[PDB]
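Here is the naming used below: chain letters follow the sequence lines, and residue numbers restart at 1 for every chain. Computed from heavy atoms alone, side chains included, the values below leave out hydrogens, waters and symmetry copies.
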Amino acid sequence: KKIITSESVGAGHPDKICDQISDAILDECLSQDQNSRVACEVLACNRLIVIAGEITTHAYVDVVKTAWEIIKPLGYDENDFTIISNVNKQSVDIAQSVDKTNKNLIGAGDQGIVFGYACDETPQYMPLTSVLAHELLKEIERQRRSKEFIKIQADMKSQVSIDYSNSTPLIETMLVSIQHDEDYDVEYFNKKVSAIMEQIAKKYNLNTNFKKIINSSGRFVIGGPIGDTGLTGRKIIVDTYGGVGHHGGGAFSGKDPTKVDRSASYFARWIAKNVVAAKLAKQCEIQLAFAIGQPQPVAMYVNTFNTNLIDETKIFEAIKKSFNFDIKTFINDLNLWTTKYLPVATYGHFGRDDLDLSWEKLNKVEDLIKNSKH
Amino acid sequence: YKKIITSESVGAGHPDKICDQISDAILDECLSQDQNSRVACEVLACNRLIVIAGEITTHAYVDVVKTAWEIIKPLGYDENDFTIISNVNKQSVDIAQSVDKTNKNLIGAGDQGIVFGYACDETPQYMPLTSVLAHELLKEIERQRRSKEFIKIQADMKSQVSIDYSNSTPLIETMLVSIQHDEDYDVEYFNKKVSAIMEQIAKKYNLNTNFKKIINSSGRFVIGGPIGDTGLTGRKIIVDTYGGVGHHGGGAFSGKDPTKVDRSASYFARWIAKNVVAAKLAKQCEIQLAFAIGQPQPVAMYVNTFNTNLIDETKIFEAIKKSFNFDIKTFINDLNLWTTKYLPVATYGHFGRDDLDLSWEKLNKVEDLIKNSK
Amino acid sequence: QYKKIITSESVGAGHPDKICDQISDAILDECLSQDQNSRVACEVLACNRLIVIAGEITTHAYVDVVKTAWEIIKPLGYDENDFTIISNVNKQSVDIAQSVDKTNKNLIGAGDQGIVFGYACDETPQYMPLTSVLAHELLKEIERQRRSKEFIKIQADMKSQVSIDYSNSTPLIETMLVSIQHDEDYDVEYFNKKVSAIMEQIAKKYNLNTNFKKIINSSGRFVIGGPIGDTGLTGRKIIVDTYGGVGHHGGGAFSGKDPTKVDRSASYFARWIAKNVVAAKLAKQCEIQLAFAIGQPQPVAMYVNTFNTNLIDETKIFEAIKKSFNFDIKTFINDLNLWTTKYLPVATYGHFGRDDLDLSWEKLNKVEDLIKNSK
Amino acid sequence: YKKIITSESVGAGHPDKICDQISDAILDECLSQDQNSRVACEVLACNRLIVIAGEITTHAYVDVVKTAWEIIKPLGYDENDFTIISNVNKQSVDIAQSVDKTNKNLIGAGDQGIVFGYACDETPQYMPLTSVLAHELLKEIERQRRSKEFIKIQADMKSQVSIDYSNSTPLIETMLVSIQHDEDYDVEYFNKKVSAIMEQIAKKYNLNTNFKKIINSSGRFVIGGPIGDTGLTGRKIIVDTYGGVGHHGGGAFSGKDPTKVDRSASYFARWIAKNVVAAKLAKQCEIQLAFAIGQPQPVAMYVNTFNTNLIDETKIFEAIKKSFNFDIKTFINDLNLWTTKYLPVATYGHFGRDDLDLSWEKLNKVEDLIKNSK
Ligand SMILES: C[S@@+](CC[C@H](N)C(=O)[O-])C[C@H]1O[C@@H](n2cnc3c(N)ncnc32)[C@H](O)[C@@H]1O
Ligand SMILES: C[S@@+](CC[C@H](N)C(=O)[O-])C[C@H]1O[C@@H](n2cnc3c(N)ncnc32)[C@H](O)[C@@H]1O
Ligand SMILES: C[S@@+](CC[C@H](N)C(=O)[O-])C[C@H]1O[C@@H](n2cnc3c(N)ncnc32)[C@H](O)[C@@H]1O
Ligand SMILES: C[S@@+](CC[C@H](N)C(=O)[O-])C[C@H]1O[C@@H](n2cnc3c(N)ncnc32)[C@H](O)[C@@H]1O
Ligand SMILES: C[S@@+](CC[C@H](N)C(=O)[O-])C[C@H]1O[C@@H](n2cnc3c(N)ncnc32)[C@H](O)[C@@H]1O
Ligand SMILES: C[S@@+](CC[C@H](N)C(=O)[O-])C[C@H]1O[C@@H](n2cnc3c(N)ncnc32)[C@H](O)[C@@H]1O
Ligand SMILES: C[S@@+](CC[C@H](N)C(=O)[O-])C[C@H]1O[C@@H](n2cnc3c(N)ncnc32)[C@H](O)[C@@H]1O
Ligand SMILES: C[S@@+](CC[C@H](N)C(=O)[O-])C[C@H]1O[C@@H](n2cnc3c(N)ncnc32)[C@H](O)[C@@H]1O
Ligand SMILES: [Cl-]
Ligand SMILES: [Cl-]
Ligand SMILES: [Cl-]
Ligand SMILES: [Cl-]
């Protein structure tokens, strides 16, 4: 059997708490000052939250109040954490490279490599393993908040394995771990989780006879930052493509759009998704590489995994003709100065049928089709 | 239209790598005193603060300040440069009971997750050439910084290497380096030193010497280390692994004892893949393994040979299953992970290190694989 | 999500409203085969174990309504003892008849007042909305497979609904939904796989994406069906019969009606105009509204809407239509051979864009006239 | 070239409307006795037969003969005019299990389907003027028939009004009425009465009086009601709604309890559209909603403002999502659909009825829409 597996984590997972605080701080800066330079990193461990990084802005963000906005809906209060604010300014050496003399150009905020990915497995143009893993946790957290699923807490993880041996996928295993109250009823808990798992499988017209692994540790009462240290940018595969897509290593949360790790990753997704939606391939991955201070990528590679429906050279040419690779220009084309990032800090940045993200729009299919012709 | 693949590396004074080094230095000290330590040490370094956190249950005592100074003093920092915060929590007893089975003789996985192992035949290291070259550039620059053969530079540095794989012999397309330099440097001397190092590395691998060189594209890099950019443990996971050519499941290595399968199973998967390729069963091999917390074996496995298999894929899969022990306690012991020193892999990658002697890099399973693949 | 997601439906041959439309039109066809001057307005109700055949017929024909009903219901699996049949056939009001039969002038007066809309667009080779085309194709294929036994343990009552995202210039399928009546002992895994493959095969036939949401038997159980599960009546699927909610509708039903009922004949006429306008490349979409008065031989109003997709001035389209078509009711009925057309075939799967049939109102025989008259 | 739009209405003695009235009178009787009734009552009226059929599961008992007599006696019929057939089946238990969820806080949609809600600013009713005028003609004639101000007429009648929208002020182009009359009527009196009523309605809406009048074009209409034409429930769905100016999804209203979304969601969509227009977000608004049997929320929505939007269409869409709850059970309760009497909307249209007090006609969401659209 060909068994592929991906994961997700919930809103009370400690790494995700950090991503949410980073992006909530970013969103508050950008709401006040659209030219903010923000690289906000957070650490959450036991009873300490550290808010750090490099920010140059006209805004003022109350980082304590912002942190409380993320942690109060998970059950924490104002006395649970020491908060350390260590906000440095952006290095003037980086800033002079980004802010070019030509005021219509933005130089890349760093070197690096990013990958964008899309496939035709799901309506989201995402790997089915990742879609199912996120949907499981979104439903559990929805029920936790509405009180349809009682005596659970917000720290949780999922993992879904799919059998791709035949042309119809089968679910092989669904796994969930959910932090629970000391006085929980394990029979009620197992039945709730089993039902949620089946409901998600049925929503995607899949089999319902898969293995279920429910709270395999056998006890999960200690959780959140008490059980495990969180840091920003430690769930980059959960944030992206579940291990089916390649990754260049850059984290998203807490970064303004001049950080190409974020903005060019969104751009690359937008390209790949439109290539696949245009039916030029079943799977498409776009690698882009950058040099600090340079306003365009220094390299690009387009991989269609032998699923291309037209010549690879024509795909590559259609992409070059249909997209503008100037950083300032693609930041503007995707409205990244006015996008709210907090909503993508949980449950993935891509394929979000619950959100309206610019990099998910299929508005380049007509250009790609026209530019790919004979 | 050329096929250009790009990977990166970072130096010992890069702030994320400072954190990885402190994490692994702390781990090495714990394991030297107590081979049953449970350690998950996470570090943040920003401006003038180093935060040492995570979850440790041990009979050892580690002087975290002294350990941090051992990493930062060779980079030019002193005892008054950083506030050091020590926030060492204990391992959750709920996780511990799942890992330390009542049985004895078994170790349960320390978490769920997915890991990937990768190997290819491009280099004697069985690693992607892009990654090998990127690391070799920075190792040589840092060697010269310490010997004073390359003056007026500092320890924060990055590299990026682009290779053109359009034809059967790879060609270097671009080598890029950024190196933190002193205010009073001589840019002409600096450019000449870097150019020569780039050519020397290319010649060491018998490659072309006519490639593009991008040297300090920002045009000024005086501010650096944690002053210029916040570092965190486990934020260079692609640099630590396969440079974007191999998949990644998202787990970080540094600071973790071998019961954390993100580390131990990633090493195990590498060991498998490298032996597959060394046994000439394939030119490239990638192995995915998935885990469930508390369970002593993987819950899923997938083997990809990218259509470079020299025998039937099913026989490779079977030979792997027959030639390795998938029990976690057993593979931890087969790789001598309780007595391996991790600090040396906290810079310049955990894989393909022909400068080190790592158990997961040994070609001691070739014989078994060949026998079991009939 | 913020999107232009447009949705249309279809229903199958064993859907209870469609059973009624088929019995209505089969009765009409038998009358017109015997007497081309028949006046027929045949309405059918099917509930539980009763079929009522009613309406107003004046004819020299004789139709065996029981035998006709059995011709519709036997291929769906019913037998001769499943329904009580009530035949309540009244004559056409002589007050309506004298208005329609203008023997004096050689004219036909409209059989009623009313408004009709004809519609066409360039999305499909049928010149129909893609949502409607796909919805019908799904059910035609499932019913084809039911009869050939390629798809087992299903019954004839079924519905489909297709949602397309038109937010950008290329349409993408958003959702395909089907509900199919199934046997008690069915295998849900086999059923899901069969439906999924049919859905994908229809998408691929039209060169569309195959990664859309699939909603398959959302009720979770559909063993009770046909008139037992739901009452059918003639003329309760007028949007399925026409343009799936993309086109406007004036409210008139088609089935069971002879061509003097302008609800039917003028609807067909308006489709014929709209289709030819679009095929002539005068517009990408065209909707024609016509209004009538009982006893009057021509429409009392007309409006032509090209939805801002006109390729030439709207006044020239309007003029070309007036020069190319004859709006006298008797004349357009004869131009479309409506007295000799068989209507049973259009009582399932829609009256328009039927590339599986040869309908007069679907012929592109006015394109040359429209192009010439638009200059 | 004039832009002439036309709509119709029919009177209380029209045979299709007789059926709609008996359907809704039966429904009202069921709901007065049992608010959890499930009712889908369909009626056929032809020559001398009335058939009362459909699917009802209830604790109520309705005397269907007495109910039918309550509709037909004020139209001049008596107890010996019709054979009455009662064929009341129960609701399919297969449908019922889908609608009446185990989770008793949800109602699943009673069927699949598409509904459209519409509103425009042409009249105080927020309805197309053509429809408003057509209904007003027949309401006034029927009022006069009953008060004996218009003698020697009967209750079967129809109207049709054509308006020229070529210029910014609408002009009436044609008014057409047909009214069933006694054999011994005086045609001159009748023509003058109808002409005056037509002028009186035009003057009520401040319109022109120079339009074409088409009065009893057939030239004789003594035979009428079910003797002249067969009626069925749900055969005037355009007259019931928006006169051909709004789109329609094909579902009928009369005889259905609120779990049939063809009715309840049509009312809900009207309530949205009307409030959008009253809030001055657009001059015309049409809302399409699609449903799946057993699912408690719509599966699709589209909002069309016909390029008359006064703010961005995305902000209208967002304001609607924030201001309305799309859960079926919730919108049924918000509109008090279990306790609304439906008989009054079975003649003269279900929308824009400034002579009734309908929940879906209340402008009680304008403040929410304005607030949520900033
Ligand atoms: C407070 S902000 C803006 C002050 C003033 N409104 C202005 O435009 O100058 C100025 C600097 O404070 C630093 N800073 C430190 N903590 C901060 C916080 N919580 N929010 C915003 N900036 C902060 C950043 O480096 C930032 O560039
Ligand atoms: C298992 S912990 C990671 C290792 C931890 N750092 C240690 O000291 O062993 C990682 C994630 O698993 C989840 N987790 C925490 N305690 C758990 C338990 N008792 N059972 C299952 N999952 C748990 C939480 O989401 C947590 O962030
Ligand atoms: C210091 S250790 C060893 C003490 C004594 N040797 C023993 O065997 O119990 C005990 C606990 O201290 C906590 N601790 C806090 N900081 C520490 C540090 N710097 N090194 C080791 N353990 C630390 C860990 O949770 C660990 O389990
Ligand atoms: C450019 S910084 C990352 C973004 C930064 N947090 C900011 O506030 O914009 C990332 C890495 O690039 C390198 N770096 C820092 N300053 C640099 C410069 N002035 N030129 C080039 N590379 C630099 C250092 O290795 C640093 O860790
Ligand atoms: C049976 S038809 C034709 C009889 C005879 N062949 C003739 O030419 O007079 C005469 C009338 O019967 C009434 N009728 C009742 N049931 C009928 C049916 N089943 N087929 C045709 N006409 C029917 C219609 O009103 C029709 O005008
Ligand atoms: C759902 S029924 C209509 C409401 C019904 N009269 C009642 O009493 O609730 C309308 C159509 O849906 C289909 N239908 C019937 N039973 C169904 C079921 N159990 N699941 C799905 N669709 C069904 C049939 O095509 C039927 O004509
Ligand atoms: C008359 S009601 C039952 C009266 C009894 N009060 C009860 O609660 O059970 C029971 C069934 O009768 C059927 N029925 C037949 N004709 C009916 C009618 N005229 N009014 C109500 N139900 C009728 C419906 O299917 C309904 O669910
Ligand atoms: C004209 S009839 C429709 C077709 C009719 N079933 C037939 O057999 O020809 C439709 C409606 O028009 C009205 N109508 C009936 N007889 C009429 C007449 N003599 N002149 C005008 N309208 C009439 C009634 O309102 C009736 O419900
Ligand atoms: Cl984790
Ligand atoms: Cl970096
Ligand atoms: Cl239906
Ligand atoms: Cl009518």
Side-chain angles (χ1 to χ4, degrees), chain C residues 11 15-21 23-24 42-55 83-84 86 88 157 224-238 251 253 255-256, chain D residues 14-31 37-46 49-58 60 62 64-65 67-68 71-72 82-92 95 110-111 113 226 229-237 240 250-263 342-343 345-347 350:
Chain C
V11 306
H15 183 281
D17 288 327
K18 248 59 191 83
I19 293 170
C20 294
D21 288 322
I23 295 173
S24 284
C42 179
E43 305 288 6
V44 177
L45 176 149
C47 180
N48 193 10
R49 298 306 183 120
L50 173 64
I51 294 168
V52 181
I53 300 170
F83 296 99
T84 300
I86 299 188
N88 185 275
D157 190 0
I224 294 164
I228 302 187
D230 181 40
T231 293
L233 310 178
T234 297
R236 284 289 289 276
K237 285 285 163 292
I238 73 187
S255 287
Chain D
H14 184 281
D16 286 328
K17 249 60 194 77
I18 293 170
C19 292
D20 290 323
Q21 287 169 79
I22 293 173
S23 282
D24 274 337
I26 286 168
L27 168 66
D28 284 348
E29 189 60 54
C30 292
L31 299 187
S37 294
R38 293 289 175 274
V39 184
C41 179
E42 305 287 4
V43 179
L44 176 155
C46 178
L49 177 60
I50 291 166
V51 183
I52 294 163
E55 297 78 49
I56 303 183
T57 294
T58 187
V62 184
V64 302
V65 172
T67 305
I71 300 310
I72 72 180
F82 298 98
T83 300
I84 299 179
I85 300 188
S86 191
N87 187 71
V88 176
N89 186 13
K90 61 176 109 82
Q91 185 183 47
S92 171
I95 290 172
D111 197 358
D229 180 39
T230 292
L232 311 86
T233 298
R235 284 289 294 271
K236 284 287 162 296
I237 70 187
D240 280 341
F253 298 146
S254 285
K256 291 179 182 183
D257 72 79
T259 65
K260 277 64 169 175
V261 287
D262 275 334
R263 182 176 232 163
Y342 297 103
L343 183 57
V345 286
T347 49
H350 293 240

Would the distance check show the side chain of C/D21 and the main-chain N or O of C/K237 forming a donor-acceptor pair, the cut-off being under 3.5 Å? no
Contacts of type side-chain contact (heavy atoms from CB on, under 4.5 Å), residue D/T259, not counting sequence neighbours: D/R38, D/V99, D/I107, D/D257, D/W338
One should read off an interatomic distance between D/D240 CG and D/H350 NE2, to the nearest 0.5 angstrom, of 3.5 Å
D/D24 with D/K17: basic N within carboxylate O range, under 4.0 Å: no
Please report the closest heavy-atom contact between D/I50 and D/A45, naming both atoms and the distance. CG1-CB, 4.1 Å
Apply side chain to side chain contact (heavy atoms under 4.5 Å, CB included) to D/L343 and D/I71, showing your working. CA-CA 10 Å; D/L343 183 57; D/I71 300 310; 4.0 Å; yes
Can a salt bridge be assigned to the pair D/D262 and D/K256 using a cut-off of 4.0 Å between side-chain N and carboxylate O? yes
For residues C/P16 and C/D157, determine if any side-chain heavy atom of one lies less than 4.5 Å from a side-chain heavy atom of the other. yes
Tell me whether D/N89 contacts the main-chain N or O of C/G229 through its side chain, where contact means a donor paired with an acceptor under 3.5 Å. no
Could you tell me if the side chain of D/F82 sits less than 4.5 Å from the side chain of D/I72, heavy atoms only? yes
If every non-hydrogen atom of D/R263 is compared with every non-hydrogen atom of D/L27, which pair is closest and at what distance? NH1-CD2, 3.2 Å
Give, for atom CD1 of C/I19 and atom CG of C/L45, the distance between the pair rounded to the nearest 0.5 Å. 11.5 Å
Least distance between heavy atoms, C/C47 atom then D/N87 atom: O-ND2, 2.9 Å
Grab the two heavy atoms, one from D/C41 and one from D/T233, that are nearest each other, plus how far apart they are. O-CG2, 4.2 Å
Given C/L50 and D/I85, is the side chain to side chain contact (heavy atoms under 4.5 Å, CB included) satisfied, shown in steps? CA-CA 10 Å; C/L50 173 64; D/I85 300 188; 4.2 Å; yes
Side chain to side chain donor-acceptor pair (under 3.5 Å) partners of D/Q21, counting only residues at least two apart: none
Is a donor on one side and an acceptor on the other found under 3.5 Å between the side chain of D/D28 and the backbone of D/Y342? yes
All heavy atoms of C/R236 vs all of D/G234, minimum pair found to be CD-O, 3.1 Å
Could you tell me whether a side-chain N or O of C/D17 sits under 3.5 Å from a main-chain N or O of C/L233, the two making a donor and an acceptor? yes
Does D/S37 have any side-chain contact (heavy atoms from CB on, under 4.5 Å) partners at least two apart in sequence or in another chain, and if so, which? D/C30, D/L31, D/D34, D/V39, D/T58
Minimum-distance pair of heavy atoms, taken over all atoms of C/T231 and D/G54: OG1-CA, 3.2 Å
Residues D/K260, D/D111; criterion side chain to side chain contact (heavy atoms under 4.5 Å, CB included); working and verdict: CA-CA 7 Å; D/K260 277 64 169 175; D/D111 197 358; over 6 Å; no
